[PDB]
């Protein structure tokens, strides 16, 4: 099923940002989900939560601007990001990479 509250990303140096995955969100479900993130994987590679920038890392940070993800595990074509949390079913975000640009495709909680 769709998680159409997550609809966009911003591309940064060696990182991407999902501004809607916000721990201070007005949407109570998104806020709880973001606060309760337990695991992040990109193409099956486990990312670590960083005490920091995420540039060129297998790392993530959730802060005021959203969820920041390093692009170290990204590849050309389809990329799958899986965000697990304590209270919500896994969120799968699909993005495509082409010519060094990363495009948002979809955010879902897959069956």
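Positions refer to the first chain, counted from 1.
Counting the deposited residues that fall between residue 52 and residue 53 and carry no coordinates gives a value of 1 to 3.
In this entry, the higher average B-factor at the C-alpha atoms falls on 26 to 34, of the pair 26 to 34 and 39 to 47. Once the C-alpha B-factors are averaged per stretch, 17 to 25 and 90 to 98 rank with 17 to 25 first.
In the deposited entry, the Cα temperature factor of residue 61 sits in the middle third of values across the chain's modelled residues. Ranked by C-alpha B-factor against the other modelled residues of its chain, residue 7 falls in the lowest third. Annotation for residue 111: CA B-factor lies in the highest third of the chain's modelled residues.
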